[PDB]
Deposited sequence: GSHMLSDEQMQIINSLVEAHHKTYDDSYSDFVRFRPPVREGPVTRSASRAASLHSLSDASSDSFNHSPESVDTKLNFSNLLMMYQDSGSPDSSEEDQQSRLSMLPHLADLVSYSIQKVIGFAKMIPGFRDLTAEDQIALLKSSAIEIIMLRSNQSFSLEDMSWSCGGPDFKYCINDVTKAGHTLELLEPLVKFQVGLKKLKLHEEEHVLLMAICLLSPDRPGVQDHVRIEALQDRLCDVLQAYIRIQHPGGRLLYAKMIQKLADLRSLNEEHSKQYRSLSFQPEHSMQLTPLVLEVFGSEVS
């Protein structure tokens, strides 16, 4: 029971990819439309999400085997999983102490209330926080966190995927890497893997609810005009 010189290369890649597309100082946030605490946080959070999508795309492109999919599959996967990858990667800034995402100073500490100022219900936010708390409680190794993001992105059960035999293959190889990594490198991690797969299940429902909330926003031009072309294109139903 020892990782193969191919399983660790996959791990090397995903971890470097994450480092290349995730800044722990959050210094680009000053370039977003500033936060205001009628849907005052919408501009800021739309910018955040748009930016994060760009980052998720950069990451996805570095997932072993992703570049080889058809552009359609790459798109079909990004569109379906974008919000979930975003929810996953945000855990890095999320804080149990204050139950908010802490991206620096008074301005970039996002709490439940801030997101409601962006067209979301206090009600719909409960699960997201709960999910962040459960995910944070797992205390994932960077290897696992980064692996979980890649596995999520390569879910075959996404509307629009064509070659779902091949995405299933890439994801299984990834799942294997993670199971092996946990068994070999993660003491006390006997039941961790399954808790992680459970998280993917939680992501699907969170994705579902968001999609609904987002439709409501995107249908009112006064609100939709606050979005970005990227956000509108990624969360839009335009089908190709």
Counting from 1 along the deposited sequence, which stretches were left out of the model? 1-2, 40-99
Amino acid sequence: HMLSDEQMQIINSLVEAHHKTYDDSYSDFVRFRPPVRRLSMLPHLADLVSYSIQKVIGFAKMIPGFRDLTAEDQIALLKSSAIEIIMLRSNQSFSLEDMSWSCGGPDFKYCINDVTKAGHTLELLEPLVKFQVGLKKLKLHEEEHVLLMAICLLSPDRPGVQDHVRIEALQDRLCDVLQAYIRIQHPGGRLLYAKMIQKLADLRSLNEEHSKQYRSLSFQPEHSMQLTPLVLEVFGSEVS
From here on, numbers count along this sequence of modelled residues.
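The term rigid core refers to the maximal set of C-alpha atoms that superpose within 1.5 Å between the two forms.
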Of the stretches 93-101 and 118-126, which sits farther from where it is here in 9 other deposited structures of this protein, on average over its Cα atoms, after fitting the core? 118-126
After superposing on the rigid core, the stretch whose C-alphas lie farther from this form in 9 other deposited structures of this protein, comparing 105-113 with 141-149, is 105-113
Mean CA temperature factor from the deposited coordinates, higher in 153-161 or in 85-93? 153-161
Mean C-alpha temperature factor, higher of 197-205 and 53-61: 197-205
Sort the modelled residues of this chain by their C-alpha B factor and say whether residue 67 lands in the lowest, middle or highest third. highest
The third of the chain into which the C-alpha temperature factor of residue 21 falls is the lowest
Would the CA B-factor of residue 212 place it in the lowest, middle or highest third of its chain? middle
Grab the CA temperature factor for residue 35 from the record and place it in the lowest, middle or highest third of its chain. middle
With respect to C-alpha B-factor, does residue 9 fall in the lowest, middle or highest third of the chain as deposited? highest
